[PDB]
Amino acid sequence: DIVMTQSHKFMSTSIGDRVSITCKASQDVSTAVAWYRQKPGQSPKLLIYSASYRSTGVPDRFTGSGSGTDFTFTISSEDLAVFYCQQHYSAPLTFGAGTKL
Amino acid sequence: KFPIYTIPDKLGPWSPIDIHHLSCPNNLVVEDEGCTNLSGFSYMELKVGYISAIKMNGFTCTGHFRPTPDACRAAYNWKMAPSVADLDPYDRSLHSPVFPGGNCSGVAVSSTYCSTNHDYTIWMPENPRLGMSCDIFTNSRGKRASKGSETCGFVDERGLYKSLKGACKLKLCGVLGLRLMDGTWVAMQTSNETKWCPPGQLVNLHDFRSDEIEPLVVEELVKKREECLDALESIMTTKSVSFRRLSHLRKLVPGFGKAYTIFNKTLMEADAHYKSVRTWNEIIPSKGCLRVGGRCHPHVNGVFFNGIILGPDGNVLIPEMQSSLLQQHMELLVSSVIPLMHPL
Amino acid sequence: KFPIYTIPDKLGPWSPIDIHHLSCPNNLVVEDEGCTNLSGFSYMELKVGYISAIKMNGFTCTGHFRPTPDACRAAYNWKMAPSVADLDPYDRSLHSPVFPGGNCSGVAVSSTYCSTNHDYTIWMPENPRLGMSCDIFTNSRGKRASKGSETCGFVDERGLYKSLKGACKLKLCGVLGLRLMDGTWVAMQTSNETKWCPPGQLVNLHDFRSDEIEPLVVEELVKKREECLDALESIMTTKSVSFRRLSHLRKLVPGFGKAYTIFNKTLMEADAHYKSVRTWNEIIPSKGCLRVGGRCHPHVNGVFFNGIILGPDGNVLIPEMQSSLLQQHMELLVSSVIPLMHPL
Amino acid sequence: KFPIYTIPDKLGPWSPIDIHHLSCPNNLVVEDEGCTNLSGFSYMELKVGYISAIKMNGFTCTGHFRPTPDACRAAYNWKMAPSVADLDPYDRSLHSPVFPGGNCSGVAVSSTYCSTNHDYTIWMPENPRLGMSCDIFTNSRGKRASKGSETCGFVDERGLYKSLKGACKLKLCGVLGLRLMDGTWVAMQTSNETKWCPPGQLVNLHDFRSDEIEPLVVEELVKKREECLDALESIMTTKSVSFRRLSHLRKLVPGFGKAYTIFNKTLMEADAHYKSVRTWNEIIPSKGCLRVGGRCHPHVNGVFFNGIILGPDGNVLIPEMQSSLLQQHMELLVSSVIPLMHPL
Amino acid sequence: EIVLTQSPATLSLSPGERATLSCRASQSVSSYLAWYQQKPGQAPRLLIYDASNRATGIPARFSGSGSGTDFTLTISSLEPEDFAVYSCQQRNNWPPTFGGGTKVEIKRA
Amino acid sequence: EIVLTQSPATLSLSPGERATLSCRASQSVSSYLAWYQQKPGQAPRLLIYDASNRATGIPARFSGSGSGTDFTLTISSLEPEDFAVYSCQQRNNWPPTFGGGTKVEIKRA
Amino acid sequence: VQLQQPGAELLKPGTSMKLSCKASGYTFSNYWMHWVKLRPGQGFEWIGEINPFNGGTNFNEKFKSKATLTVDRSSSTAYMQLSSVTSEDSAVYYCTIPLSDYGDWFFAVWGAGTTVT
Amino acid sequence: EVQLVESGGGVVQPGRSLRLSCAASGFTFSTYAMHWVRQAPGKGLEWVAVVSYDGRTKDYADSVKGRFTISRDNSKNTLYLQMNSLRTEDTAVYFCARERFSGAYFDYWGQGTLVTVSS
């Protein structure tokens, strides 16, 4: 069911925010991957929809790209939290495990 | 290249019409394949039986003289022991041949009635003097195609690509959606500043060919339109419909359209979502079965729809199928005179 | 490639019909040239005027009330100072529109009469209550084509190849022959165990194209069938026949078929053995002569058959010929209403 | 290759007809470009409204009994407080459907009247018992093409090549000219000993294709003739004309022809000199304007001619234009029954 | 022709246990899917048609689920006669297409 | 496309004098000719249409003449505002075609 | 453009429980509710979606009959009902709607979050 | 008074694309056929393209056909010319002209926007 996979730990570089997060798509997903940022004491925030586009309120430095099954997202804002990847290609929706950063 | 046949995947209720409400199908399909990013989404589309218009199912009462809508209400109660009408969702104006030029704009606030074209006779809604058009949606799913940010079209549950080019914004019970120029209404707000949809409904010019969509394709498109126009003009001049002439009004491409039939010498139409038929074995598995919607479609008096009838031997006679087999049946050529639906 | 015209080589007697007995011709010819050994033989074929069916030439008598077939017999004698019917040779069951669903099975043993569709009126045979179908054969000669031992077909006296593929065994007055699916019956026993011929006569599906006989050929075959069906549907909806619409029912290939004409506003048919016409000079030698069967065919009131009429100036107007010459005559477009042949 | 449309450059007066005076157009153009020496000349051609025939504008009076043409003359004077006829310039013989077989040869010397086909009713000329056909000419200019000495044809003021091949000598009021087989009469004596023109007028066989003018061209010529014949046969069988069926009688090539329309359920014809239309913008500049003769052609009740009508929204609906745009209007399919023009 | 993907190809379980077989279509086949059970040297048997309906004479332990692209066949309690090859067939389009088949086997220590 | 020939290309005169401009068509254009006056850096102005009619708000000194192939524009008295480029346009056939234009200039000693 | 949730809930295993999400600012009738849950460390999983207009709902195949989705449409709130053992189902349940379109599957605004045991 | 103002003309490299816009006022823009007419420097007027009063029928000059695309917006009262594959001799002053209600003539023109096609 389009399993999304990640590596749950990533080292924090602090202000040098040039860390890339990769979410693997088992099946073809085109560009239907969304990126979320959930702080431990906060509700999740949608960051990138359609895997390459900015939603409203997202910081300008944030960006994303990918197609097919690569879906690599580079963090560019604290904001050290776990990041989740879903697929909005086909139901049922499946989220990634999440990479704490 | 049209398919050998098109069969209604989903068929709505049958509502009687006269020969003047018949129309030639839109046999044009738009590809709009300039975008390749696909994202899933859920939406409400208009339920089958409501894509064209919403019916009122009224009645005409004859006094003569001008009656008061109290005795007629009692007379209607005694009579059963009709005459539908269409609203325009943009302005809630009733449409009917009996109405002079249609456009019975005042039904609730302006007045509680509007007379027919004939002065003496009047028409009264069966339901209270208000329009209910809210529970007319069905939930669907699709794959959006949006290029960078502007949506091209979507592929619905039936695998058919429905483009949003030329779509007009239209609001139904608080849900601002888009009325696709193939007919269907889809609950999508992706359109940013597309033009609000004119009250000319589907009778307006569909265009979609002034973009010069392969003039070789438009050649056969115009040829099929001319054949359908010949059939329709014959129907209106003779005032009678045969099954072979009714078979010419079938939509030749998958998508939303109209299905027609004769039930007890009454011309009927229904909303239909046509799907492509590749072989005749798809729709006629057994001897007397027409496979519509995954089941043996129930014929009444031996007629199904779109000129398909049950033969004298019990075989399903599709006029397109019979012509390809070089078989001739007088049953498919018998012309039945359609009585005028609204004399008053 | 159809010829420019086909003319009846042999034409049978004219029998009145209604517009519902009209049928589109079978414009399909089978080659079946897989065998090359030719042997001569003699045979009896059905005489022209009997290939389709054998007529009874009965009468309908009106009392009302139920009459006894004695006063009507006397009344019929006084009246002249009709109403044909067809038998099925497999079972001797009379066929007629007046008979309810046809199939007057009992004519000799079961009963001496069978009533019409209308309850009050009855039909009585002119001849005694028996069927004579014995002196209906003509002697011919041909060249058999039998490959090793199984006959493909034969070339008759007219040089036309008639295949025995799909032929059905049928017995006429003790002569067990074969009914070729082009219509003709031939006194041949060469068939070993071909299926006995069903009682569905020539109305049954002729097949012969499901064998995929050059689908390019079937393209124009279906096109011609559609043109004939358009003409036939127009004839049945308008209930009137013009000579130009009657010209569309002509068989486009040589072989056995039907010839149609209007004699005094009565629709007629006759058995015809069509032959290919290569030039218009073949069939119109002189000014007012139509050459049929090696002679000037006798027109009645100026109409010959298959839409051919005599012009105001005395010229033979063939609708196919006139269209090729880009000439237009209002005489070929005048529609005459055909009175219903069997009101009761 | 026919143009997309042809519009009347010059249109004559409208004269009522019945459906039996309708005719298919001559869509054939002759090139005759074997000569290349061009010389200018001036000539008189027949004025528009007189090329086909010269009208009398008579009346039919009903007594019954045989009236004397004195009370009817007084009755006609009181009635206004008609019934045209055609002369043959070769012999001055009146032509009309009421006349038995036409050919009212005696109008001045033989007798002062000629009765209708019905014995009781009579027809009387409005004008005195004589034929005036002298002031029916208009002055034109052209470029002759005469090879060595025998004229091929000429190019008239409209840039159209009119060939003199097959032209027949005809004299109108002392001016011996030539009646071109495209219909027009031209005051030219260049013909030395061309055959005097038979009294069969334009109903006679136009030939011009037995010369085998590119049989590929005659293929589409015959196809268009068959389409027009289908429309005309439908018109005569149904006895009713729609605008889409009337659009099939339009001349498909520039030159002289007939224009048809329905004015108050009356079938009209007029002499027209058609010109080629290259774009639809040529003839519809603004919203509700049809450009005929350099001006907005005046519609009456919303109908112009040749099936062109004014739409419900005020748009000029040309049936040829609408079909190319894949637009359908029930206004162009409404069949109006044409009352018989001459009951007596 | 659209591809019916059947995963897993091999499904080993034990008697008295629920078996979950999944059929995935290349494109949506609506509700027109069928399940066939075939044993070695025996005619295939129609179990489930229309993705939910049970054929005549079929034990109630066989159930069908799903619509569109993803479907599911479930055996409530695997009896010893239920260890066969199970194949999903659709006809929402021509031609009729089958899945690759899923084999149900008994697991042992 | 038919060629409208306009001669002479240059026409030098003096104020208060008649100016005669001639347009010649490759083939006859009937009476469907138009005359446009255009000044540098200003919108062209329709003077004469149908070869005789005068457009609205046009001074009476502009007149049109001719039919068929040869046409003529005449200014009865050249005012100082009449020294512009004058172009003839026809539509008897598609497409609309213009002449080459004739420039009217003041002559001096 | 906000959804209100209880925040926490306690119940013994094997007992049915119900949730709620009051919302305002978007008329509540045009946006699918898209209920999801956040397992403690195993990541989000999509439970299902419901259309508040007609109550039509779509469920995860793996989840399906575990819970049902209802709606009131009078008070702008949606409800989930659980019919299962509370053990192995202890997670933070979210309700969230898209804003790019009526029924896009990427969620713009989220609920506060409620914890079940 | 009828006013036509055309804008969007400027220097363009050969082979590129330019779009001209003409704004109409003082008349019912939706009931008239609007043309584009260009005048090359030191040359006579040349008709370019026509759009019908509803925009369904469009025609172009032979030297223009296949490259330009005329369009109109009756709601905006604006006329568009979309020049594509611009070549060296496409430079001219482009006028947006209004056709007569009945006639074949351009009764009202615009001031004219100059388009220069050179690298």
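One-based numbering along the chain as shown.
Structure method, as recorded: electron microscopy, 2.8 Å.
Just so you know, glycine gets a Cβ as well, placed from its N, Cα and C.
Straight from Swiss-Prot, the features:
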type     : residues      : note
DISULFID : C:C24-C:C228  : disulfide bond
DISULFID : C:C35-C:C152  : disulfide bond
CARBOHYD : C:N37         : N-linked glycosylation site
DISULFID : C:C61-C:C72   : disulfide bond
DISULFID : C:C104-C:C114 : disulfide bond
DISULFID : C:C134-C:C173 : disulfide bond
DISULFID : C:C168-C:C197 : disulfide bond
CARBOHYD : C:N192        : N-linked glycosylation site
CARBOHYD : C:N264        : N-linked glycosylation site
DISULFID : C:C289-C:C296 : disulfide bond
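Non-local neighbourhood of C:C35 (disulfide bond): C:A145, C:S146, C:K147, C:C152, each in the same chain, at least six residues away, with C-beta under 8 Å from its C-beta.
C:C289 (disulfide bond) and C:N264 (N-linked glycosylation site) have their C-alpha atoms 21 Å apart, to the nearest angstrom. With respect to C:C61 (disulfide bond), the closest of these recorded positions in Cα terms is C:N264, chosen from C:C168, C:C173, C:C228, C:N264. Applying an under-8 Å Cβ distance to chain B, the recorded positions C:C24, C:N37, C:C152, C:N192 reduce to C:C24. Just so you know, of the disulfide-bonded residues C:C61, C:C173, C:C289, C:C296, the Cβ with the fewest other Cβ atoms around it within 10 Å is the one at C:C173.
Taking the Cα atom of each, C:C228 (disulfide bond) and C:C168 (disulfide bond) are about 27 angstrom apart. Look at C:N192 (N-linked glycosylation site): DSSP puts it in coil. In this structure, of the disulfide-bonded residues C:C72, C:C114, C:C134, C:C152, C:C197, the smallest number of CB atoms within 10 A of the CB marks C:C134.
Between the CA atoms of C:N37 (N-linked glycosylation site) and C:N192 (N-linked glycosylation site) there is a gap of 19 Å.
Here the disulfide-bonded residues are C:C24, C:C104, C:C168, C:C228, and the one ringed by the most other CB atoms within 10 angstroms is C:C104.
Closest to C:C296 (disulfide bond) in space, going by CA atoms and restricting to the disulfide-bonded residues C:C24, C:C72, C:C134, is C:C24. The recorded positions recorded for this entry are C:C24, C:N192, C:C197, and the Cα of C:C197 lies nearest to that of C:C104 (disulfide bond). Cβ neighbour count for C:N192 (N-linked glycosylation site): 8 (other Cβ atoms within 10 Å of its Cβ, all protein chains included). Comparing Cα positions, C:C168 (disulfide bond) lies closest to C:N192 out of the recorded positions C:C24, C:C72, C:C134, C:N192, C:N264.
Long-range C-beta contacts of C:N264 (N-linked glycosylation site), restricted to its own chain and to partners at least six residues apart, with a cutoff below 8 Å, comprise C:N301.
Put simply, of the recorded positions C:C114, C:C134, C:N192, C:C197, the one whose Cα is nearest the Cα of C:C24 (disulfide bond) is C:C197. You'll find the Cα of C:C114 (disulfide bond) roughly 26 Å from the Cα of C:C197 (disulfide bond).
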